[PDB]
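A.B. asks: Sequence and experimental coordinates follow.
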Amino acid sequence: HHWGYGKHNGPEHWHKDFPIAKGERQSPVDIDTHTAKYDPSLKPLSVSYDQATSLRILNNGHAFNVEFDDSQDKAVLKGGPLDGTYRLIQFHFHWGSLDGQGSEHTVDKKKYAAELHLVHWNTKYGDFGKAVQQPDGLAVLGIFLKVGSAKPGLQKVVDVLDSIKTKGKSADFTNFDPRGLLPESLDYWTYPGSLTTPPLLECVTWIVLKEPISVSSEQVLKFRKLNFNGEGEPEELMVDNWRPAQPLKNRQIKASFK
Ligand SMILES: NS(=O)(=O)c1ccc(CCNC(=S)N2CC(=O)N3CCc4ccccc4[C@@H]3C2)cc1
Ligand SMILES: [Zn+2]
């Protein structure tokens with residue numbers, strides 16, 4: 001009886017196995033754009049993905065992850081609210097059953113069709129597993145998806161999903177350039193938070209870009225053909241793999257822009 005996103009094992013149940021689910025810095029949150037304050041102390045954000053080395057794509061039963069080689073400083077996130085160097089390890093998405101829901105963060109209570117999470121770890125902790133035990137261990141770059149024009153840089157991901165339909169399937173996924181998933185502007189909001197899935201560790205600096213990317217209805221329809229289940233088990237479509245907004249508590253969301 002493992003965690004997931006069903007009626008019986010979904011987000012409102014997670015606190016029984018992961019009591020930090022009711023903690024002081026949980027994610028995601030609603031970004032109230034009128035209360036977020038411009039912070040002129042935020043240094044410029046530096047996304048350096050030219051040397052990124054993707055390896056594999058995996059269906060892990062709750063999303064699909066594109067994994068990178070993080071054994072040197074090839075693809076790094078720096079600047080903005082961050083002290084030091086954060087190495088890209090994986091990206092994944094959260095999405096809905098319908099275009100009106102799917103994002104984890106909300107903007108003035110608006111839900112987007114999906115949300116991309118580019119996950120990075122603080123290299124001063126030596127490995128990812130050590131970094132997730134630290135309050136500044138991870139930086140997650142969050143990017144909203146809206147349905148409109150296709151995102152050409154997404155299509156190589158969309159086209160491999162048929163090969164990883166079910167939990168535990170992986171496929172080789174080399175030479176994928178995550179720069180193709182970025183919007184034009186790097187204007188962002190930032191706050192301290194958590195992983196949005198169990199174990200819900202409070203180790204994340206969140207950086208959520210204001211500008212959504214556009215993907216086509218056919219692109220997001222292909223995400224919704226994935227399965228939560230393993231091969232040879234009852235088919236359960238991988239949809240609505242998002243945690244709703246959590247209480248902000250004693251936190252301020254800062255804006256990089258006026
Ligand atoms: N939705 S979210 O953005 O808040 C979020 C971000 C990150 C996580 C943790 C997911 N775990 C992840 S992504 N892990 C587990 C692990 O120990 N290793 C470390 C070793 C390794 C090496 C190469 C490539 C991958 C890995 C995995 C990655 C969970 C949730
Ligand atoms: Zn995520």
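C.D. replies: That came through fine. Residues are numbered from 1 along each chain as shown. Ligands and ions are numbered 1, 2, ... in the order given.

A.B. asks: Could you report the separation of the closest residue to residue 109 other than its chain neighbours from ligand 1?
C.D. replies: Distances taken as Cβ to Cβ, 6 or more residues apart in numbering place residue 30 nearest to residue 109, at 5.9 Å, with adjacent residues excluded. For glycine as for every other residue, the C-beta is placed from the backbone atoms N, C-alpha and C. Residue 30 sits 16 Å away from ligand 1, going by Cβ to the nearest ligand atom, to the nearest Å.

A.B. asks: With residue 238 instead?
C.D. replies: In terms of Cβ to the nearest ligand atom, residue 238 sits 14 Å off from ligand 1.

A.B. asks: can you check residue 32 too?
C.D. replies: Separation of residue 32 from ligand 1 (Cβ to the nearest ligand atom): 20 Å.

A.B. asks: In contact with that residue, which residues are there?
C.D. replies: Counting by Cβ atoms under 8 Å, 6 or more residues apart in numbering, residue 32 touches 108, 253.

A.B. asks: Who does the residue nearest the centre of the chain form a beta bridge with?
C.D. replies: Nearest to the geometric centre of the chain sits residue 117, at 2.0 Å (Cα atoms, centre = their mean). Beta-bridge partners of residue 117, counted by DSSP bridges, are residue 92, residue 142.

A.B. asks: I am assuming it contacts residue 139, so please confirm or correct that.
C.D. replies: No - taking Cβ atoms under 8 Å as the definition, residue 117 is not a contact partner of residue 139, at 10.7 Å.

A.B. asks: What does the nearest residue to residue 151 once chain neighbours are set aside show for phi and psi?
C.D. replies: Distances taken as Cβ to Cβ, 6+ apart place residue 215 nearest to residue 151, at 4.7 Å, with adjacent residues excluded. For residue 215, the backbone dihedrals (degrees, to the nearest 10) come out as phi -120, psi 160.

A.B. asks: burial measure for residue 215, as a count.
C.D. replies: Neighbourhood size, residue 215 [other Cβ atoms under 10 Å]: 27.

A.B. asks: Tell me how far stretch 25-42 lies from the chain's centre.
C.D. replies: 17 Å (Cα atoms, centre = their mean, to the nearest Å).

A.B. asks: List the buried residues of that stretch.
C.D. replies: Of all the residues in stretch 25-42, those buried under the rule 16 or more other Cβ atoms under 10 Å are 25, 26, 27, 28, 29, 30, 31, 36, 39, 42.

A.B. asks: Among the residues you listed, which one lies nearest to ligand 1?
C.D. replies: For these, the minimum distance to ligand 1 (Cβ to the nearest ligand atom) is 6.1 Å, reached by residue 27.

A.B. asks: Any chance of the buried residues of stretch 25-42 in JSON lines with secondary structure as columns?
C.D. replies: Listed next are the buried residues of stretch 25-42 as JSON lines, based on DSSP: H, G, I helix; E, B strand; the rest coil:
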{"residue": "25", "secondary structure": "coil"}
{"residue": "26", "secondary structure": "coil"}
{"residue": "27", "secondary structure": "coil"}
{"residue": "28", "secondary structure": "coil"}
{"residue": "29", "secondary structure": "coil"}
{"residue": "30", "secondary structure": "strand"}
{"residue": "31", "secondary structure": "strand"}
{"residue": "36", "secondary structure": "coil"}
{"residue": "39", "secondary structure": "coil"}
{"residue": "42", "secondary structure": "coil"}
